[PDB]
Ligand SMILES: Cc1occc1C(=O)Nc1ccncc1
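What follows is one chain in structure tokens, specifically the form deposited without the ligand.
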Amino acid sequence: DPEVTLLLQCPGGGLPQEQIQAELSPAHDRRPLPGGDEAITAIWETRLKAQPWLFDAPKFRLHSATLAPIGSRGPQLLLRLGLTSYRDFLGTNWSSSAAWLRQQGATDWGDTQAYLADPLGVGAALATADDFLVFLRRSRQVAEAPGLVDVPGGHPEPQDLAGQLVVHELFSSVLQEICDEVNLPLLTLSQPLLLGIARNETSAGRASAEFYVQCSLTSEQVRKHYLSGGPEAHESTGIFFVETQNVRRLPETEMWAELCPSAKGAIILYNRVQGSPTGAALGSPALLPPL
């Protein structure tokens, strides 16, 4: 799958909030463009003169992540984070010259991302009480991946000693996105586990943190909540469910061609980190069928 690469796969079935450290530093920001940040300002001004109701918003930037030696005690992951914006995204990753900026970054900084906003996304593998994952159909009128299948998530907005607060807002924001889009009560959801980080090679390498969340409702009760909001309660245009049994081979189905890259990352990491049984009991051939 050329349109998604794994930057990180978490150990132990995924990491809770308490085993993650963040470092939020202006050293983790995008570098100023070789010819000045004027190019981003020009693209923004042009866009507002066609859509004057658009507004900017701050975003987190992923610079890098380091995993501890496996089986160790203490914090297991460090996230190195800066700040970016929707405006900087439109002028870099979403720019037609995005591939030229990646080449210039390799040359100048030995880093394909050095000149890119790279806003951090979040997505969820959301499992029901009756063992399904939750999918959403994207509107055909949106800018990115129109009409494709997605999972719940989005792009959290800011606001280890400021670090711990940053880690809490990331985990809080995946739950809030599930409540806003799927119309579920907060109290039907587990604390999320981080499965890993996935890069969207169709959006110049920007990264999404991918999480596992369990709901205490069945698929049928999840569907009821989603629909009972009506058309204005959600950006998506439909909800559907796949048994966890059948998620194992999803990359061999006709659905795979309709999944947006960030939802591909969520399913690949769910299959590696929550599936793939390591032990003699869940490993047995009747429970884990060959081929």
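All residue numbers refer to positions in the sequence shown, first residue = 1.
One more form of this protein should be noted, the form deposited with the ligand bound, which is absent from this view; the next part is about it.
Query - Heavy atom within 4.5 Å of the ligand in the deposited complex - the one residue of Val166, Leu77, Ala114, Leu189 that qualifies - result: Selected option: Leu77.
Report task. Please pick, from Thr253, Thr41, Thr66, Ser228, the one residue with any non-hydrogen atom lying within 4.5 angstroms of the ligand in the deposited complex. Result -> The residue from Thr253, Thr41, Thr66, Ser228 that makes the contact is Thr66.
Query raised in the report: If we take heavy atoms and a 4.5 Å cut-off, which stretch out of 214-222, 189-197, 77-85, 106-114 is in contact with the ligand in the deposited complex?
Result: Heavy-atom contact with the partner occurs in 77-85.
Query raised in the report: Is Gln21 close to the ligand in the deposited complex, meaning a heavy atom pair under 4.5 Å apart or at it?
Result: Close contact exists here: in the deposited complex, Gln21 approaches the ligand to within 4.5 Å, heavy atoms only.
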